[PDB]
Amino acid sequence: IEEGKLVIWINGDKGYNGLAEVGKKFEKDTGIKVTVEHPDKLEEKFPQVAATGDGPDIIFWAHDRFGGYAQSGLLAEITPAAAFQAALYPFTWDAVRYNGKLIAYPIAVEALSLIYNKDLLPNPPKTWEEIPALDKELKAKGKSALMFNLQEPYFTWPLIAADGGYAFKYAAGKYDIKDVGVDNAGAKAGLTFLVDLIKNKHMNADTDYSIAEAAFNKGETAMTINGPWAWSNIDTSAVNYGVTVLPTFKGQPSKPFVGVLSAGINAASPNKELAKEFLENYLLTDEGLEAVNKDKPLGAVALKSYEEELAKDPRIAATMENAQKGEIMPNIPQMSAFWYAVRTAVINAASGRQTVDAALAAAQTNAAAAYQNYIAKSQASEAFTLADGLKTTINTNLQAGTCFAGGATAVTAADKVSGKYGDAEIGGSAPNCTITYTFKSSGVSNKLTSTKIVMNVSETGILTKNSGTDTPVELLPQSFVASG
């Protein structure tokens, strides 16, 4: 991460061209170059790259992912004046509080809604149970009733939650992380209705985000389910669209998981005061938010001054009605593990490779497996922090013509350092200096116990993978792996 610059990461479905224009405004005032990028799967790339002292200065995602980042020491604690904090809604600050510490800037609140084509469907159904007979009638006319992204569990969740599915039980003050709420009759009813939609040929199991979007925007399907970010593309299509409350299931509202889009600062960033300045004085103003909101709409924004205007919009009213029927997501580190489990379960029930019952019964176990990988990935990053301090010691030792201590010493001699999960030492000879980090035999994931990571250290000082490494390749940063 280079000083005197700002790299920003934001997902490809958000108003990144609007944000790049707010960064141009910053650059003209300060002389600081801003770059907005939207790499694929950035929320999973960010941990790997920040572990090696790389990636963006600022990271945009929904708040559900930020407890995992914070827990691993990847984010800077944000500490704004109370005058600044009074400008945003208090409940949006709650979403970015982990462990007593504010860990991001809240930007906007987003919930899924039902989107419908007013020419195909002047009066959309109030219940999920009407949809099949509606699809049957529309098929006679060469149309379908409903298409949405079945590949991502965010979109199926509102239906699963409707009759009693939950993520983690809330046991006064704390979340009970071993009480997952997917293996129950209510969630089973929800997922069964969805699988029967596929089985009765009202939907296709491989429908993804872009297929559903294209079909709605070209008038092939009467309804979709999506968030505020999608409205911009429907505006420039031919469709006359409405935004409304999601349908009921078994007489109960659909319950979307509400995300608070949030902006965090990389712990390894040399440009923290500049990132703070950018977010506080440029982005989180009426001007800043209007520019992003013009590109792709944000939903209901955290800034109270600008939310005054946006709440007159009927579509924001519907978004907020849908948010009140649902729940704000947890930000605990186990959230990713939860979403990976639910993803696998939906895909397996929808394709027919398991029953609804077996698929949902396996969820808690699959989530635990996913969490174990996260723990192991997180502990393994200590290797790259200890290596970082060691490579300067290589650079100071070499003045005596050796990798090792001070003078021209033949073997490693107080060129070591201890960590929480393992110990690292300098090795090699001539100008071919290495760094080895060896994990402890216990007190650390059984995937890592007694493995080593060996690194070559070039003239310039980049760390590359030495073939002596035996720490599992899939637990290491992909960039490091790719160097060997």
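For every residue, the number given is its place in the sequence shown, counted from 1.
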Self-check item: 382-390 or 101-109, whichever carries the higher mean Cα B-factor
Solution: 382-390
Quiz item: Taking only the CA atoms, which stretch has the higher mean B-factor in the record, 133-141 or 78-86?
Solution: 78-86
Self-check item: Deposited CA B-factor, highest of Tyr154, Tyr175, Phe278, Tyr371
Solution: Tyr175
Practice problem: For the C-alpha B-factor as written in the entry, point me to the maximum among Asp179, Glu290, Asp94, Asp119. | Solution: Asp94
Quiz prompt | Third of chain Cα B-factors occupied by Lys272 | solution = middle
Quiz item: What third of its chain's C-alpha B-factors does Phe46 belong to: lowest, middle or highest?
Solution: highest
Quiz item: Hey, what third does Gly18 fall into on Cα B-factor, ranked over its chain?
Solution: lowest
Exercise. Could you look up the Cα B-factor of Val457 in the entry and say which third of the chain it sits in: lowest, middle or highest?
Key: highest
Practice problem: Classify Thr365 as lowest, middle or highest third according to the C-alpha B-factor given in the PDB entry, relative to its own chain. | Solution: lowest
